[PDB]
Amino acid sequence: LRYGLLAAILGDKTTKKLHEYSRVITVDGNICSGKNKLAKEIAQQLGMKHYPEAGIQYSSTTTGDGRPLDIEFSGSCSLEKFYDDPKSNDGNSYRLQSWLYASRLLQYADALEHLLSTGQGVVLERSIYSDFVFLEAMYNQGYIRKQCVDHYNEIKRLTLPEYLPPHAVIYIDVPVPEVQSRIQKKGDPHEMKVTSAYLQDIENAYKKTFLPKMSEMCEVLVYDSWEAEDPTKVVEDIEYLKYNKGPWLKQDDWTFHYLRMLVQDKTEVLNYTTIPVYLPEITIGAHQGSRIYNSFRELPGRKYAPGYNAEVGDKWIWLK
Amino acid sequence: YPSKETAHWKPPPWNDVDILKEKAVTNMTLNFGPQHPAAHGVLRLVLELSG
Amino acid sequence: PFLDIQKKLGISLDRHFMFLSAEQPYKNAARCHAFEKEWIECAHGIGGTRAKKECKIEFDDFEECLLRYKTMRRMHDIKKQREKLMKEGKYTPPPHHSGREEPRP
Amino acid sequence: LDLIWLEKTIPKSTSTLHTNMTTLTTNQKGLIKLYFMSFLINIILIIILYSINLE
Amino acid sequence: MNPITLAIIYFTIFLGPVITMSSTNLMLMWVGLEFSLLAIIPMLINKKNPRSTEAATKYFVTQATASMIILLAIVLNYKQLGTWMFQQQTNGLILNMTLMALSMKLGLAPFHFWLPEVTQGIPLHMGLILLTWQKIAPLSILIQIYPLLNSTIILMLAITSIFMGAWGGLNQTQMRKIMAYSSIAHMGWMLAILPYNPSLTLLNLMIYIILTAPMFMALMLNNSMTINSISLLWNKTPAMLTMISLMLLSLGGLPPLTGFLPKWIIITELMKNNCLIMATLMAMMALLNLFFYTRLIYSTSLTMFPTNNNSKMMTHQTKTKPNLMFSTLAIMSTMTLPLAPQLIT
Amino acid sequence: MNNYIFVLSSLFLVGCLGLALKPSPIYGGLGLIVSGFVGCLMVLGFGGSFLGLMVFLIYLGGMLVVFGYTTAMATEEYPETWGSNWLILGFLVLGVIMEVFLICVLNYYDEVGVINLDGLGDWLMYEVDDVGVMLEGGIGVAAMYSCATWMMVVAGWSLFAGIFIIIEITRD
Amino acid sequence: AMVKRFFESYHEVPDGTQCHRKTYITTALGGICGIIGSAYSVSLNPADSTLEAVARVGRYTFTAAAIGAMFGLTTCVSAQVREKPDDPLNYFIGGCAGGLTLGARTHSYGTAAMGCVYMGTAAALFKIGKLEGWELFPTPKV
Amino acid sequence: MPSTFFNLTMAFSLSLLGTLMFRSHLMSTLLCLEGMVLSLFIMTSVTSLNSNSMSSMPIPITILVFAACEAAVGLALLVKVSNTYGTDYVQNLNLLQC
Amino acid sequence: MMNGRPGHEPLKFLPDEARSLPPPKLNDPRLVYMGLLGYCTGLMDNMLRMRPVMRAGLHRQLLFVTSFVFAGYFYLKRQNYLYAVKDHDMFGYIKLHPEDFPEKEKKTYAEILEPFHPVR
Ligand SMILES: CCCCCCCCCCCCO[C@@H]1O[C@H](CO)[C@@H](O[C@H]2O[C@H](CO)[C@@H](O)[C@H](O)[C@H]2O)[C@H](O)[C@H]1O
Ligand SMILES: CCCCCCCCCCCCO[C@@H]1O[C@H](CO)[C@@H](O[C@H]2O[C@H](CO)[C@@H](O)[C@H](O)[C@H]2O)[C@H](O)[C@H]1O
Ligand SMILES: CCCCCCCCCCCCO[C@@H]1O[C@H](CO)[C@@H](O[C@H]2O[C@H](CO)[C@@H](O)[C@H](O)[C@H]2O)[C@H](O)[C@H]1O
Ligand SMILES: CCCCCCCCCCCCO[C@@H]1O[C@H](CO)[C@@H](O[C@H]2O[C@H](CO)[C@@H](O)[C@H](O)[C@H]2O)[C@H](O)[C@H]1O
Ligand SMILES: CCCCCCCCCCCCO[C@@H]1O[C@H](CO)[C@@H](O[C@H]2O[C@H](CO)[C@@H](O)[C@H](O)[C@H]2O)[C@H](O)[C@H]1O
Ligand SMILES: Nc1nc2c(ncn2[C@H]2C[C@H](O)[C@@H](COP(=O)(O)OP(=O)(O)OP(=O)(O)O)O2)c(=O)[nH]1
Ligand SMILES: [Mg+2]
């Protein structure tokens, strides 16, 4: 029985599953700040589920066979192209950022669905709550238009308030001169082209907007690099957080039911990311739009709903 | 069809939720004392009250 | 009714207090019980269109009993003619109409 | 004729009239006070027609 | 809402019209209409934003005012005849205020102004209840007293509703407002024929309902509130393009679709009664509805509007809707004209 | 005493005129209290007893809630009375004058139709069962418990559902 | 009421005679339509002040009364000159004269031209209805 | 009876006119609805008494029961309106014109 | 119009007097069309759920076809009965009122003088 009101009435209830570590934890920081290694160890030590940072292909890898798709099927945006030419007049900068917000939104709904249905906590690497620090950095560097900013803030206004924020927000503070050194050691040809002014904007957005905003409703834990390098120290701080603020305190069985009804329905989750606002950067004409859509339905496993694709081994179709 | 009367109409919000200007905090301000049985005759306790 | 559920099930949720002639507590007949009983019985089985013409006598009587337009007008005419004669000094009310009756029993 | 006056007098005047009627009847303020006033006019009109047509 | 509240409120929404349709006493009919008003308000305002609060308030004050006028007529008739049902002898003014107040409850023009606003302010699934389930109780009352009603007031209400439903729907870009004007136009047809043949009123009500229900389900599938939103269907759920187009043409009464039948039969019956001028005016202005439905068909299935990049992420997701009630109603609302003799008598 | 019921129904009319002018709801609430009392007297005057006392008791409770709601949600710095605004005052006086005129003219044209000032008091009580015992209005209302139980089922359901309705409307 | 009778007096005598009385009747009818329209206009589209509301009521009523006067006069004079009492064409000419008046009052040749055709056709059809016994609001028969 | 029922019908008409002619406060309109209810209660009660129709006396009580439910919902809605705007004025309730 | 007629049972789908009528053929063209609509409903439902239109859910397709035919048969019986009652009442009324429905003796074209209208 698919989850719904009947399943909820028959015992399937969220509050019975929540325990000490049924938490949403996000790890933030500038580029190359060590979020991934820390997020992996926080989740491992606490018995939580680690979600790697949602990328361009996040939706591709959580649907179908989980294999990456051709880029025209996956936002038609490129991070490498963004670093090579952040002011390309084909709209790549904002098309990328808009796609990454929607992929983060999908991941946040997937993580919340996991927590609400199982009671296991989740550990995220950035989130829809911290996605704007990249948008602000692009705008401050003149990489995107103001109308792109207004479009982004509208979609965020329509989607983010529907969800519960994380229980704890973990911030790793690495200064920009150190971030640049780590990017150069990292050795990615295009990422090495990122300006320090762009990295400073990210840090400015993080420290003036995101952290003060998040401290009103979440536990905030800030670390320098030397503290974060020992992930067991961070875990120890998490074990003794109190969680005496925010919206999670006033949730009951039926507010959790209706949030669960939202986050299991992915097209409902993504609804307002597709509002018909005709920003050129993210508007596709029908000729390109329909060519792309027709080819996508010719990929293996994609012509029909899952379980009805005989060419990938689906069986008993005539009785399904 | 545009009209002079409806020139100022905007489309409704995408989720039916309007961003309205912040509503007015309107707490009652009351002088509790000094001339009050509970004020010990000399305490001017200014109270902000909601109900 | 639009759906005759009550008739199909043979129950009465609201069919039995529909008019004056219906059952009353402690058998206290309502005003115009006999006139309404006659009008309802004349009309029964012939339909509303025919009833309008062919039960016209019964409806008028019942209408007069209930609203009493003619009774009020007739008494108004007698009392108005009495007022005219008394002013002219041609009529003197009897003692029993002046409050000096010989009460019965 | 074909490009001007046959256009102007048949399809284009029909389009103009119903667009004009559409904007005059759909330009409503959304004020419940005004609608209830107009419903009062409706009630009065129905009572007037009933009175004059009373045999 | 928790389950207990849903059960009680939805049960009362269902109960009211059942009481109205089954009641002999006019007071119990009024009680049924009272249950409908009270029970639907919490559903109207459930989402709790300024627009839903406005919609619930406007709905309440209109409906409560109309309910008082209906009660006045019932009480005046009780005074006149000592009974709780309208008769052949009921004063004609009493019957005319009943007609006025019920038409205000239905949203017939010129008592229509509230209905496009309330429909715009509420969720689509509540608009569906408002324009279908909530019509039945007031219409059921009218059908009971159809020989008593004044043909002049009815035709004037009817032609007014068709005219304003037409011109009203012509200016709309909001889907919820287009459906509200479509409601008003179709109510104009239902009412015009009620004093002549109430069976054809019910035929139009049924065909309107099975057209409107799947149209609302199609809007609900992606929550398409505007023309520009529904114009993305070709990219989001292209399989629906065939049935939306035929339902829209059926709502407009184009042959050989099922929606041609109510307009065709009502014209036939109106002209059996020499109501030629009204029938001509009604049929001519009903073409204006087909215009704004066609413009809607132009933007959904006959052209392809520009799409956006985020819609590709939607194509990766699986949907679980519509339910199979959509297909049944969609087919029976469009392809059943061959079975017309079984629907009128 | 032959003018008693006409005077009361005349007072009731003025009360509704005052309410219709809609001053501050404080005075609107008072207007309904007085009209409710006058309405109770009219029911009593026609031989009622239970119904008159019920409606006054119900409206006494109802306007107390409205008083509380008015002080929280329907108040201004300068609440309006009937005299505050010359325009409202004029229509109050004009409305009373038009009542005297309407009753005066209708008396002239018909004399026994809607208005019968000559016969006031002669057509209040029509028939009375002189030697009866069980006749008071409370007996009639009590038939909800025995002969008209459907009336009580629907009344009880509406109050019960009303609790669930108002809780839903008022939650944030 | 007698007010209804005052409007039945239009048809008591054949067209083309008593053109003074028929012009008063149609002028009165036009004024009433102007008052009804003005009531809906001011109620639903309120003016900026009361003097503008009253000014707009007068503008609508007199314009509507003028249209009704021109229709009634022109129709009767046309039937009197042409000596054709029962010709719907007389009513088309009157309805066109009314349509021209509406355009003259509103300063619009398009309303004059469009007004003339629509009002002429409506008035001509009214005469055909009167001659052939059409009913606008028939009572149920079958 | 004749003159009393005329005055009661006029009292209903005035209350309805009050309902239809809004001023500013929504609460003032909610009071006019209670005025129409009150008029209809007396009219029904007086009719039942004048005709000695004891089987109809439940009906006036049911009129008050549902009027109480109508009034309770009206007040509940008025709390919502006041929360949004800080007043109960009906001119604020105009977002649905577009 | 017929609802208040003599011997009218309330909310009776198929009155017992309807059992004198011949029942519809199970391959009646109206019942064949009903089953075709049920088949279309099944295919449309498959399309809307992105399933193979003809192949998926033959059990679901069969239930759609059988339900339409099953319901249509009983509804067709009721519609046959209502039309039969209408004729029973119409003709019965004609017999009770022979003065309102006289037999009109028609004249041959040897006696009728139709006007000739030359085409030219
Ligand atoms: C009395 C005669 C009855 C005539 C019946 C009318 C038939 C329906 C007409 C409306 C057509 C539906 O509209 C049509 O929908 C199909 C999908 O079904 C679209 O089909 C096309 O685009 C979609 C995406 O948009 C692709 O997935 C699809 O493979 C491609 O063929 C058409 O581009 C659209 O124009
Ligand atoms: C869908 C929701 C509805 C279901 C819930 C309600 C269930 C019904 C409960 C109310 C039952 C009322 O039941 C009904 O009572 C009345 C008396 O009141 C009985 O009435 C009986 O006694 C009265 C006494 O005056 C006689 O006049 C009447 O002729 C006779 O039928 C009905 O025969 C019975 O059917
Ligand atoms: C400016 C052009 C307008 C085009 C619209 C049509 C114009 C034609 C209508 C006006 C014609 C004269 O006016 C018409 O005749 C008289 C007026 O005394 C009345 O004539 C009619 O009255 C009543 C209708 O209530 C009928 O029962 C009566 O048999 C008939 O005489 C009509 O109420 C009026 O409509
Ligand atoms: C038998 C035939 C009889 C012919 C007479 C009846 C026909 C009446 C036609 C009325 C025409 C409209 O009337 C005409 O409107 C125009 C609109 O540009 C106005 O014209 C005047 O004002 C407008 C703006 O207001 C200026 O742009 C224009 O240059 C100036 O001439 C005048 O008001 C009038 O000249
Ligand atoms: C473009 C707009 C115009 C659309 C045209 C509509 C179709 C054409 C209209 C033809 C007019 C009908 O013409 C009219 O028909 C009716 C109905 O039979 C008949 O008229 C008569 O009908 C019956 C008798 O049968 C009488 O009771 C009735 O009072 C009288 O109107 C006459 O024959 C003619 O007066
Ligand atoms: N323009 C843009 N780039 C983004 C966004 N999120 C990530 N990126 C880019 C910035 C980086 O170049 C790249 C790698 O992501 P990271 O910031 O996490 O750096 P890295 O993984 O190497 O270090 P880490 O251990 O995770 O903290 O992804 C975004 O929202 N917008
Ligand atoms: Mg990383």
Side-chain angles (χ1 to χ4, degrees), chain A residues 286 289-298 303, chain D residues 49 52-53, chain E residues 152 231-250 254-257 297-298 300-305 307 315 334-335 337, chain G residues 3-13 15 21-30 32-33 64-76 88 91-113 115-130 133-137, chain I residues 44 47-48 50 53:
Chain A
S290 71
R291 174 186 55 76
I292 286 167
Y293 180 78
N294 283 345
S295 301
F296 177 81
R297 292 298 180 204
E298 294 162 337
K303 189 172 197 301
Chain D
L49 295 207
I52 70 198
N53 308 335
Chain E
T152 309
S231 85
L232 296 176
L233 268 171
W234 71 260
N235 194 182
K236 284 155 170 258
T237 305
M240 209 96 99
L241 291 179
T242 288
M243 273 340 282
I244 281 171
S245 317
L246 292 178
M247 287 188 305
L248 291 173
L249 289 179
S250 194
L254 203 68
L257 311 173
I297 289 152
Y298 272 5
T300 52
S301 60
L302 301 185
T303 72
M304 281 183 317
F305 272 38
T307 197
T315 65
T334 56
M335 308 189 51
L337 197 68
Chain G
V3 47
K4 204 183 109 183
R5 277 199 290 275
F6 163 81
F7 289 119
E8 322 284 86
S9 324
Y10 184 94
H11 294 109
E12 100 174 347
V13 69
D15 263 289
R21 177 168 191 62
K22 288 173 188 278
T23 313
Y24 304 136
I25 286 160
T26 58
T27 309
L29 243 187
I32 288 155
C33 296
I67 289 151
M70 206 58 123
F71 161 75
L73 179 60
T74 300
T75 302
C76 197
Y91 279 63
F92 184 90
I93 296 155
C96 182
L100 293 185
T101 302
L102 168 60
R105 314 252 340 167
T106 61
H107 309 318
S108 172
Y109 289 97
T111 295
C116 156
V117 172
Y118 276 69
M119 278 182 170
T121 316
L125 278 161
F126 168 84
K127 181 55 166 171
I128 294 161
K130 261 278 141 190
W134 301 352
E135 313 107 308
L136 214 63
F137 310 104
Chain I
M44 186 46 66
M47 284 174 39
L48 296 168
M50 276 195 18
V53 179

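Lettering of chains follows the sequences in order, A, B, ..., and the numbering in each one begins at 1. For ligands, and for the atoms within them, numbers begin at 1 and follow the listed sequence.
- Within the 4.0 Å heavy-atom cutoff, A:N294 counts among the residues contacting ligand 1.
- Using a 4.0 Å cut-off to heavy atoms of G:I25, the atoms of ligand 3 that qualify are 17 (C), 18 (O).
- Protein heavy atoms all stay at least 4.0 Å away from atom 21 (C) of ligand 1.
- Judged by distance alone, the side chains of E:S301 and E:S245 do bring a donor and an acceptor atom under 3.5 Å apart.
- Contact annotation for E:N235 and ligand 1: no heavy atom of the residue comes within less than 4.0 Å of the ligand.
- Looking at atom 13 (O) of ligand 3, its nearest protein heavy atom turns out to be G:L29 CD1, 3.7 Å.
- Closest to atom 16 (C) of ligand 3 among all protein heavy atoms lies G:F7 O, 3.0 Å.
- Ligand-side atoms of ligand 4 in range of G:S108: 12 (C), 15 (O), range being under 4.0 angstrom from any heavy atom.
- Proximity of atom 31 (O) of ligand 1 to the protein is not indicated, since no non-hydrogen protein atom lies closer than 4.0 angstrom.
- Residue E:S301 has at least one heavy-atom neighbour below 4.0 Å for each of these atoms of ligand 1: 13 (O), 34 (C), 35 (O).
- Protein heavy atom in closest approach to atom 11 (C) of ligand 4: G:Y109 CE2, 3.4 Å.
- Side-chain contact between G:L100 and G:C96 is present, with at least one heavy-atom pair separated by less than 4.5 Å.
- Looking at ligand 3, you'll find an N or O of G:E8 within less than 3.5 Å of one of its N or O atoms.
- For atom 2 (C) of ligand 1, no protein heavy-atom neighbour is found at a distance under 4.0 Å.
- Nearest protein heavy-atom contact of atom 23 (C) of ligand 1 is E:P238 CB, 3.9 Å.
- For ligand 3, the polar-atom distance check against G:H11 finds a nitrogen or oxygen pair separated by under 3.5 Å.
- Without hydrogens or angle criteria, G:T101 side chain to G:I67 main chain gives no donor-acceptor distance under 3.5 Å.
- Residue contacts with ligand 3 for G:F126 involve side-chain atoms from C-beta outward but no N, CA, C or O (heavy atoms, distance under 4.0 Å).
- Annotation for ligand 3: atoms under 4.0 Å from non-hydrogen atoms of G:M119 are 1 (C), 4 (C).
- Of the listed options G:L102, G:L100, G:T111, G:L100 places a heavy atom closest to atom 6 (C) of ligand 4.
- Minimum heavy-atom separation, E:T307 to E:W234: CB-CZ2, 3.7 Å.
- Considering only non-hydrogen protein atoms, atom 10 (C) of ligand 3 sits nearest to G:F71 CE2, 4.0 Å.
- Here G:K130 has side-chain heavy atoms under 4.0 Å from ligand 3, and that is the only part of it that gets that close.
- Counting only heavy atoms, the protein gets under 4.0 Å from atom 35 (O) of ligand 1.
- Near G:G103, meaning under 4.0 Å from one of its heavy atoms, ligand 4 places the atoms 12 (C).
- If you number the atoms of ligand 4 from 1 as listed, the ones under 4.0 Å from a heavy atom of G:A104 come out as 10 (C).
- When E:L246, E:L241, E:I244 are ranked by how near their heavy atoms come to atom 5 (C) of ligand 1, first place goes to E:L246.
- Smallest separation of non-hydrogen atoms from E:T300 and E:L241: O-CD2, 3.3 Å.
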